[PDB]
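These notes are about the structure you will find just below.
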């Protein structure tokens, strides 16, 4: 359906903007507040925009040298030729961080290609379905903040521990994928507590 | 030349 | 120190996001990389390529910014960044069996550090020409650092190999004095040697430490007797 | 700078009283003047209230290190 297609695409873009804003990337306020009719106005979708045209490039606030692509595929299952096109465009623009949606699934050979080409080109598959909602806004998920290495070492020295002793967070879980953190990262999680007010924990990515 | 001999000496 | 404040002022303006000054200062795009490197205290190859492009983007008739860049590169924390990047590059190149002449990224580091160290010369007289490098730094000084390092590692591998007989040979503690000649004739070779001394002090190998402790007594511009290396 | 609490846990109280009572039962010297007592438990409690037991607690911190505490240094509650 064309109407629900534009509604889905608008919420997709909104969730993407909220995501990379949470990742510290440079996101303008208007795209964070972009509405459905505004999403129509900037561009009906089916047999009219494109998943290649909808793709966006965002800069990192901390480091303007770093940029992140968000791609969308025009095909149901992303094929190796599309991965080749995306990574070659990344090579032409000298970028390594790229996010790629999938309409309903990914070819397993493309999964192998993703994990094989990871260090030279960091790619993350992402379901359209899971991307339809910003899961971070749920009531059950507490507030997550990615820690940096100085914070990690100062915490570890403050408690005289090792990375082994901390509680873990599986890297495949959707919140880590939302933040895009890798193995070795550690996330500070602030949550409300009905016996102390606030509670801070630290989860090591694995 | 000295440094390469030093390398091959580390390999042995 | 004033030069550091200059860079800080620019980044503070960048923190304020004033396009009236961000879009007119051509060293703003340079200081993107300078901030991203000085926070890391290391120049990765990506930001190195970016700095190379910014140097290559300087056209004729507007070369005064090079002086500003040298001024901006005269920041002592940037000297620390470049010197440690050179030292760690030379530390990791021994494993790959690559000479300093076979290291274009390292050559770019030498270029940038040479342009940085002559900053006060470029403000004293409006010099907009690049300072030149030393052949013997590429071929004698840095390979002498590698010579010391890889003798130390060969001794270490021998120690980790059993069956050493009584009265083993010590690590060679004789000092080639052309190394010290370059220390006491080239401020470039001098400061990178000082940071090498600090790095091996972190490695805390007494043999090479007291091997090279002679010759540091006489050094160029009293840089071995300056505030930076003494404090470190 | 002993970072642990200055209080005596109930488990530390139990162990120190039991050990000192057994010591008194083994004809140890009594570091407080008794008042006609015969049970080692009461004498150990009297010494604890007097803060006159020569035992030193060694709390093992989870990182392998430890802190040492005099009984009189801790807060008896």
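Chains as they are written, first to last, in the deposited numbering: chain E, 2 to 44, 47 to 51, 53 to 210; chain X, 13 to 24; chain V, 233 to 464; chain F, 50 to 126. Virtual Cβ for every residue (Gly too), placed ideally from N, Cα, C.
Item	Value
What residues from the stretch 59-89 of chain E come within 7 Å of chain V, judged by C-beta to C-beta, listed N to C?	67, 68, 69
Which residues, taken in chain order from the stretch 364-398 of chain V, show a beta carbon closer than 7 Å to some beta carbon of chain X?	375, 378, 379, 382, 383, 385, 386, 389
What separation, rounded to the nearest whole angstrom, lies between the Cα atoms of residue 112 of chain F and residue 188 of chain E?	21 Å
Cα-Cα, which of V:414, V:283, V:308 is closest to residue 69 of chain E?	V:283
Under 8 Å by Cβ, that's how I've got residue 57 of chain F and residue 123 of chain F pegged, so tell me the actual separation to the nearest angstrom.	4 Å
So for residue 72 of chain E, helix, strand or coil by DSSP?	strand
Excluding sequence positions up to five away, which residues of its chain have a Cβ less than 6 Å from the Cβ of residue 46 of chain E?	This model leaves out residue 46 of chain E; its place in chain E lies between 44 and 47, and no residues are given there.
State yes or no: is the beta carbon of residue 117 of chain F nearer than 8 Å to at least one beta carbon in chain E?	no
Who pairs with residue 129 of chain E in a beta bridge, going by DSSP?	E:104
Measure the alpha-carbon distance for residue 386 of chain V versus residue 432 of chain V and round it to whole angstroms.	16 Å
So which residues of chain E does residue 265 of chain V contact, with C-beta pairs closer than 8 Å?	69
Just to check, is the beta-carbon of residue 81 of chain E closer than 7 Å to a non-hydrogen atom of the ligand GTP?	This structure does not include the ligand GTP; it has no bound ligands of any sort.
Whose Cβ in chain F lies nearer than 7 Å to the Cβ of residue 164 of chain E?	112
Label residue 263 of chain V either buried or exposed according to how many other C-beta atoms from any shown protein chain fall within 10 Å of its C-beta, with 16 as the threshold for buried.	buried
Identify, in the order they occur along the chain, each residue of the same chain with its Cβ nearer than 8 Å to the Cβ of residue 71 of chain E, setting aside the five sequence neighbours on each side.	61, 62, 63, 64, 97, 99, 101
So that I know if they touch, is there some Cβ in chain E lying closer than 8 Å to that of residue 278 of chain V?	yes
Between residue 67 of chain E and residue 109 of chain F, what straight-line distance do the alpha-carbon atoms span, to the nearest angstrom?	45 Å
Can you find at least 3 beta carbon pairs, one from the stretch 157-170 of chain E and one from the stretch 113-126 of chain E, that sit closer than 8 Å?	no
Would you decide whether residue 299 of chain V is buried or exposed? Buried here means 16 or more other CB atoms lie within 10 Å of its CB.	buried
Less than 8 Å between the beta carbons of residue 377 of chain V and residue 322 of chain V, yes or no?	yes
On the premise that residue 206 of chain E lies in contact with residue 135 of chain E, defined as a C-beta separation below 8 Å, what is that separation, rounded to the nearest angstrom?	At roughly 27 Å, the Cβ-Cβ gap does not stay under 8 Å, so residue 135 of chain E and residue 206 of chain E are not in contact.
Can you tell me whether residue 117 of chain F is helix, strand or coil according to DSSP?	strand
Got a sec, what are the start and stop residues for the alpha helix (DSSP H) residue 282 of chain V sits in?	277-288
Which residues mark the beginning and the end of the alpha helix (DSSP H) in which residue 299 of chain V is found?	296-305
How many whole angstroms separate the CB atoms of residue 40 of chain E and residue 16 of chain E, which I take to be in contact at a CB cut-off of 8 Å?	Going by Cβ atoms, the distance from residue 40 of chain E to residue 16 of chain E rounds to 12 Å, so no, they are not a contact pair.
Cα separation between residue 266 of chain V and residue 162 of chain E?	31 Å
State buried or exposed for residue 5 of chain E, treating a residue as buried only when at least 16 other CB atoms are found within 10 Å of its CB.	exposed
Please state whether DSSP places residue 410 of chain V in a helix, a strand or coil.	helix
Would you say residue 282 of chain V faces chain E, with C-beta separation under 8 Å as the test?	yes
Could you tell me if residue 268 of chain V is buried or exposed, where buried requires 16 or more neighbouring beta carbons within 10 angstroms of its beta carbon?	buried
For chain E, find out if any of its Cβ atoms is closer than 8 Å to the Cβ of residue 239 of chain V; answer yes or no.	no
When the cut-off is 8 Å and only beta carbons count, does residue 346 of chain V lie next to chain E?	no
Below 8 Å between beta carbons: does that hold for residue 316 of chain V and residue 344 of chain V?	no
Under 8 Å, do residue 66 of chain F and residue 93 of chain F count as touching if we go by C-beta distance?	yes
Looking only at C-alpha atoms, which of V:307, V:391, V:382, V:388 sits nearest to residue 328 of chain V?	V:382
Taking the beta carbon of residue 18 of chain E as the centre, do at least 16 other beta carbons fall within 10 Å, making it buried, or is it exposed?	buried
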